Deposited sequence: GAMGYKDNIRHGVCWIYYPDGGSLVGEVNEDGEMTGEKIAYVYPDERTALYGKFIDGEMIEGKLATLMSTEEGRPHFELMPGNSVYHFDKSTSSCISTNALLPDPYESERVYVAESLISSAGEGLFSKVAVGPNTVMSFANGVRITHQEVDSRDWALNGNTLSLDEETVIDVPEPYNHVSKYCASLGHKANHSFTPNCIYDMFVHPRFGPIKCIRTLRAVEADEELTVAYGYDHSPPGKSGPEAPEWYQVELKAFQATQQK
């Protein structure tokens, strides 16, 4: 019997012995994060995580991953958000993200909290996940900017939001990508990400090497000439325009 690895464009993968139909179904299937080391291992059905236990990929032998289960009883399952439910376990952090980022006061003035790197990493490193409730562009675009501080476009049908009071880490910390502040000279970008718990979402990926405790920033990418944007950004866009 053979093992197969199926990679997503983001560098995450599913791995295991596939069944007769080449499906990722069994009791020893794993999702492996883009670090090629952190894994969620256990029961999957056609690649959907039913019960993934936190594990570390320790080696591969003839293509077969050898895992060690982490202590504790951290278990995860596919739990895609809906329009009204952000997560079944809002306070259960993502184990990959928790080793890479933490939330603290931004270094940007008057910008509240921000997202920071816990350790030094190279370019192109996935740091954090942007999960939220899934609502339409009509709802978002038809309402005041004060309700839209955390809205992120996912594709042409869906916007991801972290509505109050889930924007406080004491109410929701399963993902932290909504905590990244904006910069016109960012060190990170948004990228598509297929997550085994959150489903198809976006991630924050570094553009360049970043140091430990460096603040992570992304360009929010508001339309500058439809600027359809909140005030702090319109202001900031003029400073940016000046420096050029």
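S.K.: I have the full deposited sequence and the modelled structure. Can you tell me which residue ranges, counted from 1, have no C-alpha coordinates?
M.R.: Coordinates drop out over 1-10, 237-241, 260-261.
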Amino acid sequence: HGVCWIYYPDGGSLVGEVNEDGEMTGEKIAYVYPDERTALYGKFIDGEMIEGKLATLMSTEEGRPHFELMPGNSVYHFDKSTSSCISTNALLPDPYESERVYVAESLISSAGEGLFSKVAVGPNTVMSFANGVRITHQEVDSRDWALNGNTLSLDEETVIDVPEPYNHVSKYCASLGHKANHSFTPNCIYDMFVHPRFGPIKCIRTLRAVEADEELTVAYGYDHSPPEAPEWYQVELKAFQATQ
From here on, numbers count along this sequence of modelled residues.
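S.K.: Averaging CA B factors per stretch from the PDB record, which one is higher: 85-93 or 98-106?
M.R.: Between 85-93 and 98-106, it is 98-106.
S.K.: Name the higher of the two by mean Cα B-factor in the PDB entry, 233-241 versus 3-11.
M.R.: Per the deposited B-factors, the answer is 233-241.
S.K.: Return the residue from 62, 48, 27, 214 that has the highest Cα B-factor in the entry.
M.R.: Highest C-alpha B-factor among the listed options: 214.
S.K.: Which has the highest CA B-factor per the PDB entry: 174, 152, 146, 135?
M.R.: Result of the comparison over 174, 152, 146, 135: 146.
S.K.: Taking the values exactly as deposited, rank residue 210 by C-alpha B-factor within its chain and report the matching third: lowest, middle or highest.
M.R.: Ranked within chain, residue 210 CA B lands in the highest tercile.
S.K.: Using the B-factors in the PDB entry, rank residue 113's C-alpha atom against the chain and give the third, lowest, middle or highest.
M.R.: CA B-factor rank for residue 113: highest third.
S.K.: Would you check the entry's CA temperature factor for residue 38 and let me know if it's in the chain's lowest, middle or highest third?
M.R.: Tercile = lowest for this residue's CA B-factor.
S.K.: Select lowest, middle or highest to describe the third in which the CA B-factor of residue 79 falls within its chain in this entry.
M.R.: Lowest third - that is where residue 79 ends up once the chain's C-alpha B-factors are sorted.
S.K.: Quick one: classify residue 185 as lowest, middle or highest third of the chain based on its Cα B-factor.
M.R.: As the PDB entry reports it, the C-alpha B-factor of residue 185 lands in the highest third of its chain.
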